[PDB]
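Here the structure is laid out as structure tokens; the discussion comes afterwards.
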Protein chains: 2
Amino acid sequence: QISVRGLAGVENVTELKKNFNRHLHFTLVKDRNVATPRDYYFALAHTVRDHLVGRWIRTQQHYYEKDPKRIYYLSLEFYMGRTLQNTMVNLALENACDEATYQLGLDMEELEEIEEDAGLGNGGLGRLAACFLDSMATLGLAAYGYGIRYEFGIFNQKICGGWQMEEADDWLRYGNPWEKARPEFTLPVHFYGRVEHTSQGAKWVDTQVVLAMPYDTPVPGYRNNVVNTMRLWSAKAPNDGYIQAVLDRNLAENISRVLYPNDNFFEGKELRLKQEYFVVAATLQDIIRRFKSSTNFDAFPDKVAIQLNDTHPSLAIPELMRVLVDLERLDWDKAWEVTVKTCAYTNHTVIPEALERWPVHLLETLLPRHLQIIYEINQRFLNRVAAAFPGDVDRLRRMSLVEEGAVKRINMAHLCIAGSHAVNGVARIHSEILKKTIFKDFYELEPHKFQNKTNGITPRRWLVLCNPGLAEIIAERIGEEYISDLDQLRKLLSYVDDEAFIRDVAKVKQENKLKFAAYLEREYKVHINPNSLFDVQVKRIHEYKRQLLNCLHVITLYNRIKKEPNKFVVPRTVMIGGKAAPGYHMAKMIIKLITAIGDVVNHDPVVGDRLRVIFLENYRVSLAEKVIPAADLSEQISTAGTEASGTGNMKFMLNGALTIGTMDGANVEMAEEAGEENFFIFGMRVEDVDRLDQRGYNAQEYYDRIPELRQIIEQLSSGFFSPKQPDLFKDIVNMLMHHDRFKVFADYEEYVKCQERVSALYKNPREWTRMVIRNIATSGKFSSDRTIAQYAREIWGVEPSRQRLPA
Amino acid sequence: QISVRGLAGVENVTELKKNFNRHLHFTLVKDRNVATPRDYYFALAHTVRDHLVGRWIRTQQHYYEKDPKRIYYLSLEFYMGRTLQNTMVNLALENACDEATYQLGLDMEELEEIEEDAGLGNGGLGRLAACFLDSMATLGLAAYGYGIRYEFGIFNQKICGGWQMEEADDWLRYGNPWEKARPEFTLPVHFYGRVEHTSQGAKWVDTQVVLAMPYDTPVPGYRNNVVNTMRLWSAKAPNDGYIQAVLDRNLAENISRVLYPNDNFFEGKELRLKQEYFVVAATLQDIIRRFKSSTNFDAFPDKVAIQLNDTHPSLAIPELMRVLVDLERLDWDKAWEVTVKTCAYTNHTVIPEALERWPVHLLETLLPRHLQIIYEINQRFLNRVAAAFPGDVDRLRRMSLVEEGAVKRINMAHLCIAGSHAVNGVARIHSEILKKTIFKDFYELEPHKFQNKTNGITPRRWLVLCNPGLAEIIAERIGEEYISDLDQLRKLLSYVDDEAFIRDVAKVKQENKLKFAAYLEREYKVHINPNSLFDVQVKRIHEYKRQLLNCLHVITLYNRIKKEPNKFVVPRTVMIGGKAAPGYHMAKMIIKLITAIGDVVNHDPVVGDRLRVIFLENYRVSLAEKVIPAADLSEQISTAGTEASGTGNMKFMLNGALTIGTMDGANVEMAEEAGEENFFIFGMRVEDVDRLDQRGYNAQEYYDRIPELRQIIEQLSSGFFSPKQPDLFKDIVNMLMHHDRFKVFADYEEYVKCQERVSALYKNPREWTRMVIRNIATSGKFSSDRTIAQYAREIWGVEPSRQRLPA
Ligand SMILES: Nc1ccc(C(=O)NC(=O)N[C@@H]2O[C@H](CO)[C@@H](O)[C@H](O)[C@H]2O)cc1
Ligand SMILES: Nc1ccc(C(=O)NC(=O)N[C@@H]2O[C@H](CO)[C@@H](O)[C@H](O)[C@H]2O)cc1
Ligand SMILES: O=c1[nH]cnc2c1ncn2[C@@H]1O[C@H](COP(=O)(O)O)[C@@H](O)[C@H]1O
Ligand SMILES: O=c1[nH]cnc2c1ncn2[C@@H]1O[C@H](COP(=O)(O)O)[C@@H](O)[C@H]1O
Ligand SMILES: *Cc1c(COP(=O)(O)O)cnc(C)c1O
Ligand SMILES: *Cc1c(COP(=O)(O)O)cnc(C)c1O
């Protein structure tokens, strides 16, 4: 036992054991002689869940009595990962459960590995929602997460012949012990139909109804006895040839069947639009119901805050208007005032292909009334623009919520800005770019709406839970208070010259690496050298994230070794992992290239154990918890101006890895906090990128001037990495040479040079560790508690509280 | 409190209460201030379920240790109804739970009404399976019920404008506390593919796989601590555009989506065939697995008995052969010997349109290997016939498993007889008819195979549970032993002249009628006179059951009243209820006719409260438990030779109703047991029916000779019962006059006369009750415990046991 895991009291352990046996018997209907590890996992899960119940019921009862302003976080993604360990940590039950299971003859880690990840998200945006829920509970806010209970989350990735294969993520197969179905709270959602204009107001009729059934999952705060709720909706068909009619119910229920895995290119698919309205319509009725139980909607914004995670739930704006105007009978102007003061929008990217632009004909058929409301919103908004900038007809077309052209579309981002009192970017540089480029016109019209809220990650899951060894040595010296006040890590700077601490920091990292190296062999049968530098790049596969630039460096290292075999080089294990969206051809070709490189490099006798290339299969939250604590070097190399913020970068910094990256997204603030001397910065800044675009990017120039780069391209073209299929990577070479929107070649030279400096420092164990200490010590700003406290104070208008609850 | 409901001990009640509160808190995650009646129902349900667990685990553990011969009852239908009260009764917890809930300020009856019926059956055949499970557990047999877990059971019937409307039976919406999912025991089921003939045996390849996930439901015996299992399979797709692929999983899972409600006409639908193989394939693998854990399959028949409930699971025969021959490598002759000794078949009807005759092209595409096995079975069987009856070529074509003609079909009944060591009818007269007509050729070839097993009903649900008042007065005089030894009711004959008993029997019936009369107003807002004779006919709507004959009598009574308004007539409340299969036009027209008659009769001032016609909506198991105890007259009027047995008839006899009926099915044995003087028998016997068919049935003859009958037909034709739609019932009149396969007119005169005798007896309260006592006293033979004991001894080769288990 380690301290930060709580106390293992005698009667506490005694109680856990009897309840464990009680659940195995009564709940699982099992007996010790036939129970399997999975059965034991569920017994433990139900045992821990029991401890949540009392707190969950009184927290909600408390909000009913106090009636504080309620925060509603709307998102179509909640990348939760596993729940068991996180629950024990927040309830201070980890050591007790560890002891209790030990006495029962069971290994708790083994049991924890049985839980399926709740992968209801694609990557950053979904995981941000998850960290936010944790921080909002830890800060005592009356917050509710609202989304969709997908029967199938992000697909499980299988690598066959070096290619990605997608497999259904049937995460509910064995059941979900954490959720509680609330069929009694089912609500109706309407689709299609037509709008009738009677004497007194518009009426939406002849609609098809789909029921929204909620499932509640508890969200425990960190040791403050606060347990908030994450409510996820499931689609159900109303009960009203016979056989075919029953079988056709599936049509309606398909709405909550699966998570769309396309995080790169917006697809105007009808099913996706249905999902977006489904979550919005059910959620708003729930919100209003709770409000009416606290008819003067003037106080609505004082009791309700709705945060839109990107434009995915943007229909909340016209839906709130529909309800207030059509159902509650408020006049337009009043309803609009309430709507704007209630809603706030968060943008996550400036890349055009990711922005939602719904075809008018789709909204016309599916949501006829909302389209009319959107047109009216646009009309009134443009009248305001026309009055502020008389005669500027071009601005009018640019700011319109309706885009003209081949097919008319609705720009959901413009809709969100017009209908929100606050719009924020997720990193200082990103928020600035929003004001200077993409949303410049809106900023000039309403400057007060634009804010910045730099992202963060929760130190519970991303430190205490996944790196107990590091959390312990830190606590030994500054206490446990930093876990909910991460800024305290700064006190660690006074230990940068402490020989003992330096030794412990390095020991923990070594232990994490051996632990991960072992895992690689157990569950994947691959052998790596634990003494090599762990060079890691894990995140979804995208051209802008430039996994390709990493590949070029790897090949360069390989070619240099083959050039001078007996020359010493710092050993490296290069790990790249991440999923590619199913229809993203280039991303899939990049995964293939990575494995192809490994096939050559990992079997070259001359290389030995000096260089290894491994593709981490099925990267997901639970895998991130294993690899991040074991990393030495974090690759954050997106083209300057493309990664809005990034969050994986923060996870690595908090866990003892140094960072090599561009001045993009949050990397800028990270370097600023730790000091540029303690970061491995390289490449073009946003300004350099622009200037290059003015001139015109010509990749051929770099190819002609850099011999090493030329050699790599020729190897790719000639089939050096694909003997049986010589032209296998022709698409990659053609993209790099003629239409690379992300300028991979432009940063190649500086990148390779920077990597040499990384290797130089790694050769000096003591100085590498001292730099690590300086990074960990200054990672405090990146806690989602800080992010949430800012949202609370500057956007929602509520004060966070660290005050514990009762028992 | 009443005796037969067990003791309400102090610490037993104390324990139930604390566990009730524990579940409401920890399981339902609720608090007393927001809990609804449904929440209380679930808390109680989980509380009672807890008491089942210990017994369930040791009963199964016991079978593993003793290793007795195992009985497998295969059925595509299990009409279970509600489980809460039945569980309390069998566990002797009813009074304790009643007291415990009372002390908590709750009414247990109210809570019991919240449970949804598990309606996984159509009628008699499905309910028989349910009663059988109860008796097998009560008799200590190591029995397992195997079927399909339909997401939607028999449709809920709504009557709109007098017409039947079907509504999806979403019985799992709020969850099922009685079942335990066993995903760890999932098995693969194969479909389609092709057969490869290699060197060593045939091979079924290129198949599509569908997973079978089992859900176990406990089946408690009556106070013997035995808890058997009913295992129901659910269809799941294997995990191996992306979105569409995931959505298409529904195709595979549609197999267990809904129960086919067509109990009248066989439809060769592919989905139904898939359901039949699905249950058979998953079940047999489970059976074999359990056997191999008890490779000499010679002892297989000594450890396994498979009972086929009708031909629906007949594929078990060729599937067992497939496994033994193709997988286990036994030679054909040996495998066949094992198969025959293992399987037994039960027939439920002689009506040709109900018999399963699958088109060869369907089996050819879906189950190619089974078709080959069936052909081989047929070939060897016909060689035996040819040898026993040399030169009888006609017999060869008649007995073939393959029917020639427009489209080749497989006669599943012939397959079942050839592959079973026992074939039984469900009532003496039915079994005889099987041997004389439909299966005459098979009987002559193998007389030893044919048996009779007269049906029965369980006295727990059909007496103790639904009629506690009657069960109590009986117990007061002869004890409680009759509940599991129904033959003891005969001792009641010595009380036929007991003035006290006569008074109590009549009092209970009166109380049941007032109780039902009240229910009719509460949940259906209809007022009836509790002092009238309750004339009831409840069962599925079929032409052979002749609800139409009942209608003719009702109209006759109405016309007689209108004829002589001031003439005294015994008051009657005629209740008819039952569902019509969705595609059965005539059955739906009959329901409409019933309501139409009520619309006229119930609003005629001259009739007053002397005659009322009510159609009991949504007849199902839970409704049967309410109306049967309240009935005075039971209508069992099927055309002689058409109702194989009937079971509703037995339920009425056990609950104090007199019976008016034909000498059909079990009615014959019932009259034989009680004495014909104590039964209201009328109409043609089977012999009379045949003779009429020889001559030729001419309905016109009856129409011309019976004035009262002529008047009714003219009223129907002229639109007397359908003013706005004069020809609404032209199809009914046309059927009755020109093509009535069931000779409604032929029994009309005798039926009306018999009904007059019923009314005459009802006018003498004392003599009516004495006759009732003679019926109840002789209903012992109709307990499913007797039926099951006979199956056990004469077919399965096992001895029933009344010995209790431990605790
Ligand atoms: N239709 C979709 C569906 C999903 C996405 C999506 O997942 N997008 C992202 O995750 N974006 C990521 O969200 C993170 C959290 O703010 C940022 O730090 C990161 O820079 C951004 O790229 C984008 C569009
Ligand atoms: N394809 C199907 C589906 C369902 C059925 C069906 O439910 N049949 C019956 O219920 N038949 C009934 O089964 C009872 C139990 O033995 C008998 O007493 C009764 O006489 C018989 O008609 C018949 C064919
Ligand atoms: O009418 C009410 N009376 C008492 N408590 C209530 C009432 N409505 C809500 N509550 C409490 O408030 C919690 C919040 O429920 P919500 O509507 O899901 O937010 C409930 O679980 C109850 O504890
Ligand atoms: O290998 C075994 N060891 C000990 N008990 C067993 C074993 N296999 C089955 N059992 C017991 O037998 C019960 C019957 O399981 P079944 O296979 O579903 O019939 C199980 O719940 C166990 O109690
Ligand atoms: C933190 C996280 C992300 C986001 O990583 P970035 O490098 O910021 O894109 C994506 N996936 C998982 C599973 C994560 O844990
Ligand atoms: C007993 C029962 C039946 C069978 O009734 P019969 O009159 O024999 O056809 C049908 N339905 C239900 C719900 C039953 O309880």
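Within each chain, counting starts at residue 1; across the structure tokens, chains are named A, B, ... in the order shown, with ligands numbered 1 upward in that order.
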Select, as a compact mmCIF listing (two decimals) with N, CA, C and O atoms, in the first residue's frame, those residues of chain A with any atom no more than 9 Å from chain B (distances computed using only C-alpha atoms).
# COMPACT_ATOMS: atom_id res chain seq x y z
N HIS A 25 -23.23 -13.83 -4.93
CA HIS A 25 -24.29 -14.79 -4.66
C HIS A 25 -25.66 -14.32 -5.16
O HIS A 25 -26.23 -14.91 -6.07
N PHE A 26 -26.16 -13.24 -4.57
CA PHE A 26 -27.46 -12.70 -4.93
C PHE A 26 -27.56 -11.94 -6.25
O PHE A 26 -28.55 -12.08 -6.97
N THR A 27 -26.54 -11.16 -6.59
CA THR A 27 -26.60 -10.39 -7.82
C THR A 27 -26.16 -11.14 -9.07
O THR A 27 -26.84 -11.12 -10.09
N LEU A 28 -25.02 -11.82 -8.99
CA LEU A 28 -24.53 -12.56 -10.14
C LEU A 28 -25.08 -13.98 -10.16
O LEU A 28 -24.98 -14.66 -11.17
N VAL A 29 -25.68 -14.40 -9.05
CA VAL A 29 -26.25 -15.74 -8.91
C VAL A 29 -25.12 -16.70 -9.24
O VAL A 29 -25.19 -17.49 -10.19
N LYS A 30 -24.08 -16.62 -8.43
CA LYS A 30 -22.92 -17.47 -8.66
C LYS A 30 -22.33 -18.08 -7.41
O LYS A 30 -22.60 -17.63 -6.30
N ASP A 31 -21.51 -19.09 -7.60
CA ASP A 31 -20.81 -19.66 -6.46
C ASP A 31 -19.36 -19.85 -6.82
O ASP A 31 -19.02 -20.21 -7.93
N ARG A 49 -20.15 0.42 -6.48
CA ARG A 49 -21.31 1.20 -6.87
C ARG A 49 -22.20 1.48 -5.67
O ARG A 49 -22.74 2.58 -5.53
N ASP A 50 -22.36 0.49 -4.79
CA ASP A 50 -23.19 0.65 -3.60
C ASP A 50 -22.80 1.89 -2.80
O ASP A 50 -23.65 2.61 -2.29
N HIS A 51 -21.49 2.12 -2.68
CA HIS A 51 -20.98 3.27 -1.95
C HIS A 51 -21.31 4.61 -2.60
O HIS A 51 -21.32 5.64 -1.93
N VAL A 53 -24.27 5.25 -4.33
CA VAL A 53 -25.70 5.48 -4.18
C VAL A 53 -26.16 6.52 -3.16
O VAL A 53 -26.87 7.46 -3.52
N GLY A 54 -25.78 6.34 -1.90
CA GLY A 54 -26.18 7.27 -0.86
C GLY A 54 -25.82 8.70 -1.20
O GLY A 54 -26.63 9.60 -1.07
N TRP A 56 -25.10 9.89 -4.19
CA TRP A 56 -25.78 10.28 -5.42
C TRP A 56 -27.18 10.81 -5.11
O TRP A 56 -27.58 11.87 -5.60
N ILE A 57 -27.92 10.08 -4.29
CA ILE A 57 -29.28 10.48 -3.94
C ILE A 57 -29.32 11.79 -3.16
O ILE A 57 -30.16 12.64 -3.43
N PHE A 152 -23.15 1.09 -29.71
CA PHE A 152 -21.80 0.80 -30.18
C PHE A 152 -20.98 2.09 -30.19
O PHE A 152 -21.33 3.05 -30.87
N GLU A 166 -11.97 -2.49 -38.96
CA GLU A 166 -12.87 -2.00 -37.92
C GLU A 166 -13.75 -3.13 -37.41
O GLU A 166 -14.22 -3.97 -38.18
N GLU A 167 -13.97 -3.14 -36.10
CA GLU A 167 -14.80 -4.16 -35.48
C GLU A 167 -15.79 -3.45 -34.55
O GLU A 167 -15.43 -2.52 -33.85
N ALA A 168 -17.05 -3.90 -34.56
CA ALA A 168 -18.07 -3.29 -33.73
C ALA A 168 -17.67 -3.32 -32.26
O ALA A 168 -17.19 -4.34 -31.76
N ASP A 169 -17.87 -2.19 -31.58
CA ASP A 169 -17.57 -2.03 -30.16
C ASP A 169 -18.82 -2.36 -29.35
O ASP A 169 -19.53 -1.45 -28.91
N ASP A 170 -19.08 -3.65 -29.17
CA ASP A 170 -20.25 -4.11 -28.43
C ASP A 170 -19.96 -4.07 -26.93
O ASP A 170 -19.95 -5.09 -26.25
N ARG A 173 -22.39 -5.77 -24.13
CA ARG A 173 -22.64 -7.21 -24.17
C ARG A 173 -22.83 -7.86 -22.80
O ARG A 173 -23.80 -8.59 -22.59
N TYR A 174 -21.91 -7.60 -21.88
CA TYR A 174 -21.96 -8.19 -20.54
C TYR A 174 -22.69 -7.31 -19.54
O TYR A 174 -22.73 -7.63 -18.35
N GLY A 175 -23.25 -6.20 -20.00
CA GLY A 175 -23.95 -5.31 -19.10
C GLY A 175 -23.07 -4.17 -18.60
O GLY A 175 -21.84 -4.24 -18.64
N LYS A 180 -28.09 3.41 -14.61
CA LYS A 180 -29.39 3.10 -14.05
C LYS A 180 -30.43 3.58 -15.05
O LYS A 180 -30.56 4.78 -15.29
N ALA A 181 -31.15 2.64 -15.65
CA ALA A 181 -32.19 2.98 -16.62
C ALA A 181 -33.31 3.71 -15.91
O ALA A 181 -33.70 3.34 -14.79
N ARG A 182 -33.84 4.75 -16.55
CA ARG A 182 -34.92 5.54 -15.99
C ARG A 182 -36.08 5.59 -16.98
O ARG A 182 -36.50 6.67 -17.40
N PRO A 183 -36.63 4.41 -17.34
CA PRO A 183 -37.74 4.36 -18.30
C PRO A 183 -38.95 5.21 -17.93
O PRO A 183 -39.71 5.62 -18.80
N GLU A 184 -39.11 5.49 -16.64
CA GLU A 184 -40.24 6.29 -16.19
C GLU A 184 -40.11 7.76 -16.59
O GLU A 184 -41.07 8.52 -16.50
N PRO A 238 -42.43 4.01 -30.36
CA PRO A 238 -43.69 3.96 -29.60
C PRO A 238 -44.32 2.59 -29.87
O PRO A 238 -44.03 1.97 -30.89
N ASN A 239 -45.18 2.12 -28.97
CA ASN A 239 -45.81 0.81 -29.17
C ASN A 239 -46.93 0.81 -30.20
O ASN A 239 -47.30 -0.25 -30.71
N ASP A 240 -47.47 1.99 -30.50
CA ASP A 240 -48.54 2.12 -31.48
C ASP A 240 -47.95 2.51 -32.83
O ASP A 240 -48.05 1.76 -33.80
N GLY A 241 -47.78 -6.07 -43.02
CA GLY A 241 -48.02 -7.17 -42.10
C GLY A 241 -47.62 -6.85 -40.68
O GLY A 241 -46.79 -5.97 -40.43
N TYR A 242 -48.23 -7.56 -39.73
CA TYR A 242 -47.96 -7.36 -38.31
C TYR A 242 -46.48 -7.57 -37.99
O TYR A 242 -45.86 -6.73 -37.34
N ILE A 243 -45.93 -8.69 -38.45
CA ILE A 243 -44.53 -9.01 -38.19
C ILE A 243 -43.59 -7.90 -38.67
O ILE A 243 -42.73 -7.45 -37.92
N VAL A 246 -43.56 -4.72 -36.54
CA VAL A 246 -42.76 -4.89 -35.33
C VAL A 246 -41.27 -4.83 -35.65
O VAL A 246 -40.51 -4.18 -34.94
N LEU A 247 -40.86 -5.49 -36.73
CA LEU A 247 -39.45 -5.49 -37.12
C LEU A 247 -38.98 -4.10 -37.54
O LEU A 247 -37.80 -3.77 -37.39
N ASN A 250 -36.95 -1.11 -35.45
CA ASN A 250 -35.52 -0.90 -35.51
C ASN A 250 -35.16 0.41 -36.21
O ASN A 250 -34.17 1.06 -35.86
N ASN A 254 -32.57 3.00 -34.49
CA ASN A 254 -31.24 3.11 -35.06
C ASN A 254 -30.58 4.45 -34.72
O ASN A 254 -29.37 4.60 -34.86
N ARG A 257 -27.95 3.89 -32.18
CA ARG A 257 -27.21 2.66 -32.40
C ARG A 257 -25.69 2.78 -32.40
O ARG A 257 -25.00 1.99 -31.76
N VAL A 258 -25.17 3.77 -33.12
CA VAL A 258 -23.72 3.88 -33.22
C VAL A 258 -23.16 5.30 -33.34
O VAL A 258 -23.79 6.21 -33.88
N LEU A 259 -21.96 5.47 -32.80
CA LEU A 259 -21.26 6.74 -32.83
C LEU A 259 -20.64 6.94 -34.21
O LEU A 259 -20.00 6.03 -34.73
N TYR A 260 -20.83 8.12 -34.81
CA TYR A 260 -20.20 8.39 -36.10
C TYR A 260 -18.72 8.59 -35.78
O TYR A 260 -18.36 9.42 -34.95
N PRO A 261 -17.84 7.82 -36.44
CA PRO A 261 -16.39 7.89 -36.22
C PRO A 261 -15.61 8.85 -37.10
O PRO A 261 -14.38 8.85 -37.08
N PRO A 582 -13.04 5.53 -40.68
CA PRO A 582 -13.34 4.54 -41.71
C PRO A 582 -13.25 4.98 -43.18
O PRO A 582 -12.73 4.23 -44.01
N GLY A 583 -13.75 6.17 -43.51
CA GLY A 583 -13.69 6.62 -44.89
C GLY A 583 -12.55 7.54 -45.26
O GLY A 583 -12.55 8.14 -46.34
Using only C-alpha atoms, determine which residues lie at most 10 Å from residue 337 (chain B), disregarding the query and same-chain residues fewer than 5 positions distant; provide the list as an NGL selection string. :B and (298 or 301 or 321 or 332 or 342 or 419-421)
Expected answer as a PDB file with C-alpha atoms, in the first residue's frame: residues within 10 Å of ligand 4, only C-alpha atoms and all ligand atoms:
ATOM      1  CA  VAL A  29     -26.255 -15.743  -8.910  1.00  0.00           C
ATOM      2  CA  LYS A  30     -22.918 -17.475  -8.661  1.00  0.00           C
ATOM      3  CA  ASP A  31     -20.813 -19.657  -6.460  1.00  0.00           C
ATOM      4  CA  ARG A  32     -17.121 -19.475  -5.834  1.00  0.00           C
ATOM      5  CA  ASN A  33     -16.568 -22.837  -7.513  1.00  0.00           C
ATOM      6  CA  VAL A  34     -17.733 -21.676 -10.943  1.00  0.00           C
ATOM      7  CA  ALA A  35     -17.091 -17.937 -10.820  1.00  0.00           C
TER       8      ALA A  35
ATOM      9  CA  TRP B  56     -31.584 -22.201  -7.348  1.00  0.00           C
ATOM     10  CA  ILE B  57     -27.820 -22.552  -6.958  1.00  0.00           C
ATOM     11  CA  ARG B  58     -27.973 -25.698  -4.847  1.00  0.00           C
ATOM     12  CA  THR B  59     -30.649 -27.371  -6.952  1.00  0.00           C
ATOM     13  CA  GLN B  60     -28.391 -27.070 -10.016  1.00  0.00           C
ATOM     14  CA  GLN B  61     -25.357 -28.060  -7.932  1.00  0.00           C
ATOM     15  CA  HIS B  62     -27.351 -31.091  -6.759  1.00  0.00           C
ATOM     16  CA  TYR B  63     -28.018 -32.263 -10.321  1.00  0.00           C
ATOM     17  CA  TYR B  64     -24.321 -31.930 -11.116  1.00  0.00           C
ATOM     18  CA  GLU B  65     -23.485 -34.193  -8.181  1.00  0.00           C
ATOM     19  CA  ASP B  67     -26.169 -36.702 -12.330  1.00  0.00           C
ATOM     20  CA  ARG B  70     -32.094 -34.839 -17.582  1.00  0.00           C
ATOM     21  CA  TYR B 144     -35.052 -27.664 -18.246  1.00  0.00           C
ATOM     22  CA  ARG B 182     -25.653 -15.556 -19.116  1.00  0.00           C
ATOM     23  CA  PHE B 185     -22.541 -19.151 -22.228  1.00  0.00           C
ATOM     24  CA  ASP B 216     -32.106 -18.067 -17.269  1.00  0.00           C
ATOM     25  CA  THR B 229     -34.317 -23.507 -14.963  1.00  0.00           C
ATOM     26  CA  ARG B 231     -33.354 -21.104 -20.493  1.00  0.00           C
ATOM     27  CA  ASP B 286     -26.017 -27.023 -24.514  1.00  0.00           C
ATOM     28  CA  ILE B 287     -27.469 -30.500 -23.966  1.00  0.00           C
ATOM     29  CA  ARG B 289     -22.032 -29.993 -23.366  1.00  0.00           C
ATOM     30  CA  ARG B 290     -23.811 -30.934 -20.138  1.00  0.00           C
ATOM     31  CA  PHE B 291     -23.674 -34.617 -21.142  1.00  0.00           C
ATOM     32  CA  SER B 293     -19.464 -33.279 -18.324  1.00  0.00           C
ATOM     33  CA  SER B 294     -21.557 -35.904 -16.544  1.00  0.00           C
TER      34      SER B 294
END
Check every protein, DNA and RNA residue against ligand 1, keep those with an atom at most 9 Å away (counting only C-alpha atoms and all ligand atoms), and present them as a PyMOL selection string. chain A and resi 76-77+121-129+260-267+309-312+346-349+354-356+425-427+430+454-456+540+545+642-648+665-666
Would you pick out the contacts of residue 534 (chain B) at 10 Å or less, using only C-alpha atoms, so that residues sharing its chain but fewer than 4 positions from it are not included, and give the list as JSON, numbers by chain? {"B": [513, 528, 529, 530, 571, 572, 573, 574, 575, 612, 627, 628, 630, 631, 632, 633, 634, 657]}
Output the selection as a compact mmCIF listing (two decimals), in the first residue's frame - N, CA and C atoms for each residue.
# COMPACT_ATOMS: atom_id res chain seq x y z
N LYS B 513 -67.30 -12.88 -8.03
CA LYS B 513 -68.08 -12.17 -9.04
C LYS B 513 -68.16 -10.67 -8.77
N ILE B 528 -72.05 -4.20 -14.77
CA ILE B 528 -72.76 -5.47 -14.91
C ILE B 528 -73.47 -5.85 -13.61
N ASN B 529 -74.50 -6.68 -13.73
CA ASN B 529 -75.28 -7.13 -12.58
C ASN B 529 -74.68 -8.40 -11.97
N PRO B 530 -74.04 -8.27 -10.79
CA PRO B 530 -73.40 -9.38 -10.06
C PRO B 530 -74.32 -10.54 -9.70
N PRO B 571 -81.40 -13.92 -15.49
CA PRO B 571 -80.46 -12.89 -15.93
C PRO B 571 -79.10 -13.49 -16.28
N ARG B 572 -78.51 -13.00 -17.37
CA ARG B 572 -77.20 -13.48 -17.79
C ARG B 572 -76.28 -12.37 -18.23
N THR B 573 -75.00 -12.56 -17.96
CA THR B 573 -73.97 -11.65 -18.40
C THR B 573 -73.12 -12.58 -19.25
N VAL B 574 -73.16 -12.39 -20.56
CA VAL B 574 -72.40 -13.23 -21.46
C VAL B 574 -71.08 -12.54 -21.77
N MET B 575 -70.00 -13.19 -21.39
CA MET B 575 -68.67 -12.65 -21.61
C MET B 575 -67.88 -13.51 -22.59
N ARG B 612 -76.71 -9.02 -20.86
CA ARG B 612 -75.57 -8.16 -21.17
C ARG B 612 -74.53 -8.94 -21.95
N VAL B 627 -61.07 -13.64 -14.38
CA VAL B 627 -62.39 -14.03 -14.85
C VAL B 627 -62.80 -15.47 -14.56
N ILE B 628 -61.87 -16.41 -14.65
CA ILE B 628 -62.21 -17.80 -14.40
C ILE B 628 -62.80 -18.07 -13.00
N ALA B 630 -64.51 -16.18 -11.31
CA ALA B 630 -65.80 -15.51 -11.24
C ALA B 630 -66.88 -16.10 -12.14
N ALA B 631 -66.54 -17.13 -12.90
CA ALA B 631 -67.50 -17.72 -13.83
C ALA B 631 -68.46 -18.75 -13.24
N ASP B 632 -69.67 -18.78 -13.78
CA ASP B 632 -70.70 -19.74 -13.37
C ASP B 632 -70.81 -20.82 -14.45
N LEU B 633 -70.79 -20.38 -15.71
CA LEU B 633 -70.90 -21.30 -16.84
C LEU B 633 -69.71 -21.18 -17.78
N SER B 634 -69.09 -22.33 -18.06
CA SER B 634 -67.93 -22.43 -18.94
C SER B 634 -68.34 -22.96 -20.32
N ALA B 657 -67.21 -23.58 -11.74
CA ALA B 657 -68.13 -23.24 -12.81
C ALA B 657 -68.65 -24.55 -13.38
